[PDB]
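When you line the sequence shown up against the authors' numbering, it's residues 5 to 116, 118 to 743, in that order. The beta-carbon is built from N, C-alpha and C at its ideal position, and this holds for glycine as well.
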Amino acid sequence: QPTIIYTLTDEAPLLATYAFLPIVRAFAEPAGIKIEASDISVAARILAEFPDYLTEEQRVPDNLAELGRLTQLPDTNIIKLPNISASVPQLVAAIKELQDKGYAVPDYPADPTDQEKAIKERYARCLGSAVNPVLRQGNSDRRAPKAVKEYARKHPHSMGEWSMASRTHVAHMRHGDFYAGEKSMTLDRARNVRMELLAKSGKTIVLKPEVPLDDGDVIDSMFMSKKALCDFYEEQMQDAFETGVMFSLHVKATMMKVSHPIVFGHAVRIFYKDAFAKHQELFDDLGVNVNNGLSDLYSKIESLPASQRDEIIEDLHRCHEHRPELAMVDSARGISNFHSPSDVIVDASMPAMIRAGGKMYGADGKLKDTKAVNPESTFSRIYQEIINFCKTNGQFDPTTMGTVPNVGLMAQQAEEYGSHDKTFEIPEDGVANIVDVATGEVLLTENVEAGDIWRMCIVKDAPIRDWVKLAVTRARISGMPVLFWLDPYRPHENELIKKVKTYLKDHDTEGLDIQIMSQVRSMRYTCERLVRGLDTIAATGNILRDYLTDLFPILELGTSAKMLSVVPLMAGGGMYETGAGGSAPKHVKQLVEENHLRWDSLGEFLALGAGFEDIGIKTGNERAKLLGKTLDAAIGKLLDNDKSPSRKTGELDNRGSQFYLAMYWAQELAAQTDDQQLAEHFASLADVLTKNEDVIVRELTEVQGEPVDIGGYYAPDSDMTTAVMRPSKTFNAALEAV
Ligand SMILES: NC(=O)c1ccc[n+]([C@@H]2O[C@H](COP(=O)([O-])OP(=O)(O)OC[C@H]3O[C@@H](n4cnc5c(N)ncnc54)[C@H](OP(=O)(O)O)[C@@H]3O)[C@@H](O)[C@H]2O)c1
């Protein structure tokens, strides 16, 4: 019997799931589809990491590992909702919540003894992007379905106006970064390699004892110079200061050492260098680590009195006299860009800024132009290109702009997403080599200094072949041209270009428009096509998959959540991600304090539809196909009637939107002529929901406008949460009536 695995994650999509999962079960049941919820929240992965601190009834199965195993089975069907890639501050808050709820888990040891070392290494498995590289055992097919795009045309979202006199720009390192020192090769034979450091002292230091590589694999060695980074930060801060432009920092602190986000910490320390020069000793003696953001500092600071503490505060603020204005995460609560490494994440933050007309919030609460610092230049030039494009051509127009589907290479922890266990902080000056364990042959070499970050990346041949095949597939299906975003001046992408040229001859590409251009040129070409209403498929790497699928859909649709995101698993299974965005922690706020969830579940709906249709196609379950068809049509009706959630408290939210979806779905099922008994089963529900529409709607807007308790954040209580998320007794009783 068919099983759909439905992920329980964190925050907004979690709450939405508390309001929607009962609906899904009530619809999947008549079709003999089991709905199996899998808790992969941060709290859950924590508990699953530490069972030897837990009781009998407290313990939790390693659900992530289970899903991992499931990815290798043909009959697997996963609805993946966005989940938190926890930073250390978030991990800490979560741990606090658990312990306070009586789960007595060990504290996180920032500075460890030898047991606490081990528990830190264990807690590392709960840090950063721990889910997606496991689940993503196929390449990415992301695109906006035509009904969604047409809704976007009929009801354009707010788009910030772009000034030709905008001073907004991207500052990135022009030397000393991963890009500049990158080296790359394609293996001709299977090899086993070692990442080691030839210290100038003569001593060899091994950082990675063994990395198995396959024939045809593309590997890269890259490093970021600490000297170059810190100098870069200094010069950019001074430029921003002199020009009077607001400083912002846009990085992925999780694609780095999640325990030691060096790129972030250095920015913080250099910004406040005048303060840090005066309290270095006390900060060290306090265990201060601004790699986990300025927040960390503040925490360690609280134990102090208010004489040498307010002196610190005064020094930190004194630093603002010589440093530029600083972009804010929350102007109301005084949350700056430096507060936490995870607040401002490049993939979401840059598009947000571009959508705003090149602007972010300063301390005063106003939108201003910004120097958007993306230290790593590898994938940030494209942002400067689209920014100059907006400065020149004004903001985009969702009513007329074309679309940019993405075919993303990500299968088997491809590239930088798989380099978590091959990323090191260089301990001392010397030569960083990748050597054959058998021959001792140096495959790749870099000259590195102490404090540098050295990374090895791998992308395997089979995912590349499937990536090209998916590109061609999508080109032939959609009739859109395909553009491979590959910079031949980047060694990795050059190797990939060889791959693509080779594998394009393994498919009928006759009458297909398939080109390869550099990332910047590809971005430019794509925009020039966009403003003309022309479509272009972006066939890209993993990072670019992330970046572009946040950027373009936000411009086109207001949010990347309204996207179709299908991962055809290598083993034949299916994963369907509910959009391309994250867990939207800002929505949780408005919910807990105003009982309005502005989370759009359209991504869940689309993903679910694709899932049902695929189950139907694979198993020959006609009823599954019927659920697919009827759900897609019901989504069409949801869009036609603009029953999407509103931002405003007191107006339609996630729950009412879900209700309308249920209604339309029921109607579509009562109207179909393929399964009479099914039509009969859903006729009753359809009539009940259609009859009591105003009653249920009213029941859903009643509760709106008042603070609400879900009994937690990282581990909210199921019953309280379900009490809040399903407050319509009428609706609930209608669903319970089967
Ligand atoms: N695939 C994944 O699992 C995945 C991917 C990316 C990020 N994440 C995680 O998500 C967390 C937060 O990421 P972030 O704050 O950088 O970006 P984000 O979660 O995408 O949220 C940024 C903004 O996008 C809009 N948005 C996102 N999803 C929406 C939806 N379903 N309906 C309506 N609007 C939506 C919201 O804007 P408004 O405030 O204007 O409504 C939201 O504040 C991070 O911890 C990150 O690790 C997970």
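Short Cβ contact (8 angstroms threshold) for residue i with residue j
i: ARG199; j: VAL440; result: yes
i: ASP434; j: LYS205; result: yes
i: residue 117; j: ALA47; result: Missing from the coordinates: residue 117, inside the break in the chain from 116 to 118.
i: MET355; j: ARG550; result: no
i: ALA361; j: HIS255; result: no
i: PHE664; j: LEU705; result: yes
i: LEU596; j: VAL702; result: no
i: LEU643; j: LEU666; result: yes
i: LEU607; j: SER649; result: yes
i: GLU101; j: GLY538; result: no
i: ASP374; j: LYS364; result: yes
i: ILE463; j: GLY516; result: no
i: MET580; j: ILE82; result: yes
i: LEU95; j: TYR128; result: yes
i: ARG628; j: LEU556; result: no
i: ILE542; j: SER483; result: yes
i: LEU632; j: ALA35; result: yes
i: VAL442; j: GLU215; result: yes
i: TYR277; j: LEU321; result: yes
i: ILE37; j: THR11; result: no
Residues near residue i by beta carbon distance below 7 angstroms, same chain, minus five either side
i: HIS265; result: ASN296 and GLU430
i: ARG274; result: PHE281 and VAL295
i: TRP670; result: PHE31, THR635, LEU636 and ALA639
i: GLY186; result: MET227, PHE228 and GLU451
i: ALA23; result: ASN659, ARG660, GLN663, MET730 and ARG731
i: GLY165; result: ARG360, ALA361, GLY362, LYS364 and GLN400
i: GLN103; result: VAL109
i: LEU553; result: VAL409, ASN411, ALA543 and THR545
Straight-line Cα distance separating residue j from residue i
i: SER42; j: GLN5; result: 18 angstroms
i: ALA90; j: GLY587; result: 12 angstroms
i: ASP290; j: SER304; result: 14 angstroms
i: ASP244; j: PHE237; result: 10 angstroms
i: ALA337; j: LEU85; result: 30 angstroms
i: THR259; j: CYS131; result: 12 angstroms
i: residue 117; j: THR507; result: No coordinates exist for residue 117 in the structure shown, because the numbering of the chain passes directly from 116 to 118.
i: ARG73; j: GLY641; result: 35 angstroms
i: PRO468; j: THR678; result: 41 angstroms
i: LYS371; j: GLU330; result: 12 angstroms
i: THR248; j: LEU25; result: 52 angstroms
i: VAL211; j: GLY445; result: 13 angstroms
i: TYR530; j: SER523; result: 10 angstroms
i: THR383; j: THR428; result: 17 angstroms
i: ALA135; j: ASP680; result: 42 angstroms
i: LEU475; j: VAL487; result: 11 angstroms
i: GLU599; j: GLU741; result: 28 angstroms
i: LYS503; j: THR173; result: 36 angstroms
i: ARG479; j: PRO150; result: 13 angstroms
i: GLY578; j: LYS630; result: 17 angstroms
Cut-off 6 angstroms between Cβ atoms - residues of its own chain near residue i, not counting five sequence neighbours on either side
i: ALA437; result: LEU202, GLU451, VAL453 and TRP459
i: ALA195; result: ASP219 and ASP220
i: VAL92; result: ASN297
i: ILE9; result: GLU40, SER42 and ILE82
i: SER168; result: none
i: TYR156; result: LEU644
i: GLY143; result: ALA416, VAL572, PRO573, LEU574 and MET575
Heavy atom of ligand 3 within 7 angstroms of residue i beta-carbon
i: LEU705; result: Looking for ligand 3 in the displayed structure turns up nothing; the ligands present are ligand 1.
8 angstroms CB neighbourhood of residue i in its chain, flanking five on each side removed
i: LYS154; result: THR408, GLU561 and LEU562
i: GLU53; result: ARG127, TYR128, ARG130 and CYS131
**Report entry** Beta carbon nearer than 5 angstroms to a non-hydrogen atom of ligand 1
**Finding:** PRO86, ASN87, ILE88, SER89, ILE350, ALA353, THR564, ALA566, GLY586, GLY587, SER588, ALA589, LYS591, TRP604 and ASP605
Query raised in the report: Which whole runs of the alpha helix (DSSP H) in the stretch 162 to 197 are 4 residues long or more, in chain order?
Result: 183 to 186
Query raised in the report: Which parts of the stretch 491 to 551 are runs of the alpha helix (DSSP H), unbroken and 4 residues or longer, counting only runs that do not cross its ends?
Result: 496 to 508 and 524 to 535
Query raised in the report: Which whole runs of the alpha helix (DSSP H) in the stretch 586 to 639 are 4 residues long or more, in chain order?
Result: 590 to 599 and 607 to 624
Query raised in the report: If you scan the stretch 306 to 341 from start to end, which runs of the beta strand (DSSP E) of 3 or more residues do you find wholly inside it?
Result: 333 to 335
Query raised in the report: Which runs of the alpha helix (DSSP H), 4 residues or longer, sit entirely within the stretch 711 to 742?
Result: 723 to 730 and 734 to 741
Query raised in the report: Which runs of the alpha helix (DSSP H) spanning at least 4 residues fall entirely within the stretch 278 to 307, listed in chain order?
Result: 278 to 281, 285 to 291 and 298 to 307
Query raised in the report: What are the start and end residues of each continuous beta strand (DSSP E) run of 3 or more residues lying completely inside the stretch 415 to 462, in chain order?
Result: 428 to 430, 435 to 441 and 447 to 453
Report task. Go through the stretch 31 to 80 residue by residue and report every complete run of the alpha helix (DSSP H) that reaches 4 residues or more, in order. Result -> 46 to 53 and 67 to 74
Query raised in the report: Enumerated in chain order, which unbroken segments of the alpha helix (DSSP H) with a length of 4 residues or greater are wholly contained in the stretch 217 to 243?
Result: none
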